[PDB]
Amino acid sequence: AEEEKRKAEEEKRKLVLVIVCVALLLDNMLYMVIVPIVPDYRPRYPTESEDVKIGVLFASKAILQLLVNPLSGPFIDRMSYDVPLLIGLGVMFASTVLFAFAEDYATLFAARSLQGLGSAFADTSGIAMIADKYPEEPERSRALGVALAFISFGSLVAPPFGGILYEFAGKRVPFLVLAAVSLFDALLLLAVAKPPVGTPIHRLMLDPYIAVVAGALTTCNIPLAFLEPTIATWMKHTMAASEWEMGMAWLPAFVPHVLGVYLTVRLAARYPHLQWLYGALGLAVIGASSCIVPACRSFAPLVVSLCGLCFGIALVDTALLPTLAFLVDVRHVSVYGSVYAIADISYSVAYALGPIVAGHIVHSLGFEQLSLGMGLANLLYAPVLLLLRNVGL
């Protein structure tokens, strides 16, 4: 009667993990489908008409979650994770039907800002629930790996099919049925789940290990903040490939991501205290790919540079997300809202700055200077990550 209840608890953990991963897949599906659609009002290149009045609408999501997350930390610390996860999925459903319902400028602005309001609860609550229900060390990294695999699926293989299903039927019908799948997911989490003073955000940042992880997340995420709104209009200047071979450059860069997650999980189960060197080895190929992209004149080298660039983010963001939970475990009290709020500030400070200044600094100086500067930053972020020789003690 003890093993029976234990198997029931294992089933109750797995049926919540799968539902959280499907919700994250659908969320990144939304974030990657709606990007070519906004400047309109067979595949589609991401960005067009990059100016000051539309890039601020593309960065409205990131600037609103950057403004919300320092207050949305303690709401997850005091309360549970089920309640902010349901609030995030509810306002994400409202935003998803709002994209289908309207076609103005300010209404699309409100629909893009409600996605930031939805992310700033749902994403941090999902990663906090995954880090809560797996207290032991290898299962934490394994659940992190499965979550990153579903997020990389829903953010990499989703645009070249979302565009070609957007061209045929129109806007309204696919976003209505996808919002129906989102409400079905939220109702199924309701039917399954049935719903410590903590430490403030004012002193988490002064902890230097939290600070170096927070710097590493921004520095590893910002090349995909500056290369996504730029490379599509740059392909037509050097080689000028066809439109199928311009928006599908990030599609073969998914299998090296999941193989990189598989590699660092399987060889972090062996060595427990080498995650800092996995992070440095991830930043190595991040900097190498961000240096080697403009040299790739043909299309297949420019695909293999992007698959190296997607390999590196897999290594870094699988090596440093369980490290952050272990760090807030063995150095502070065991709460998981504020430190992943710090992580989301570190993600969003790149995405709130990329699509505003990227096209203007390409038009002012050039694309190769941007690439060499970011590769210079990722290669010079080596002595800063030598501070993590003490987390195994």
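We number the residues from 1 along the sequence you see. Under this definition, the rigid core comprises the largest set of C-alpha atoms superposing within 1.5 Å between the forms.
Comparing 239-247 with 261-269 in 5 other deposited structures of this protein, after superposition on the rigid core, the stretch with the greater RMS C-alpha deviation is 239-247. With 20-28 and 376-384 as candidates, the stretch whose CA atoms show the greater average offset from this form in 5 other deposited structures of this protein after a core fit is 376-384. Across the other entries compared, none leave residue 363 without coordinates where the residues on each side are present, so it is far from a third.
For residue 48, the record comparison shows coordinates absent in at least a third of the other entries of this protein that model its neighbours.
According to the entry, the deposited sequence places 10 or more unmodelled residues between residue 195 and residue 196.
Unmodelled deposited residues between residue 41 and residue 42: 10 or more, per the record.
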